[PDB]
Structures are given as C-alpha cells and as structure tokens.
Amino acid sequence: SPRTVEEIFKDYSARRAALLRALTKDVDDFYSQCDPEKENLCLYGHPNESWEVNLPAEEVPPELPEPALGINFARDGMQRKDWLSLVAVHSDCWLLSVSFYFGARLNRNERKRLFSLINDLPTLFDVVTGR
C-alpha cells in the first residue's frame, strides 16, 4: 500500500484522473452505467487510472474507505449537471479519505505536505462546476 507522501500522492493522482474522465470525457458512458433500476451503485477510481461503477464492497468492514453508495438512485430526479456535481463532491471526499487512510501513520508535518500536493490539483467539483 502507499506509505510515503510521494507514494500516496501518486495513488491519489491516478484515482483522480480516472474519476475526472468518468465525469467529463466518458460522461455519456458513466451516466448510462448509473442505472436507477439496479441495486445501489458506486463510482470507484483505481490506481491504474481506470474508473468503475459497481456494487459496494462485500468485505465489511472494508479495508479502504468506501465511496458514496447509491448514486444511481439520485440520477433521474436531478438535472445532469447537479447530479454530476453531487458525484464529484462525494468522489473528491473519497479521494481524500483514501489518501489519509494510507497516510494514517504520517505525522503532522507529513500530513500537511501531503495535503499541499493534493491541493495543487483542481478538485473534481472544481472542474464539473466550471470553477
């Protein structure tokens, strides 16, 4: 698992790149995969820069923090941009949660450095909302 500040930022940037693609370039496919007729679904971003829509983890309690559950249940009752913005903020929160899970053993000054690197990239919400 990622342990150093640099390892954790590499993992963060790869997952973020995956999620950003789902929300923008690949949005037609991503939107389609979030089928309200299915069981509760989540958007995952992986360190190989793939994104995936799937059911939540069966291993409970899971190792890594889990993304927001049931985003497909919100898709049809919202304007598309508002739904993407909802997915974006929960995904930004998940990325932070994952990084500081891996970073639990970093000290105060290391966690500050890690956040400074994370904070150098626009958030998914930043991009989706046009900020």
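All residue numbers refer to positions in the sequence shown, first residue = 1.
For the two regions 38-46 and 82-90, the entry's Cα B-factors average higher over 38-46. Here the stretch with the larger average CA B-factor, out of 96-104 and 65-73, is 65-73. Residue 118 sits in the lowest third of its chain by CA B factor, as recorded in the PDB entry. The deposited CA B-factor of residue 13 belongs to the lowest third of values across its chain.
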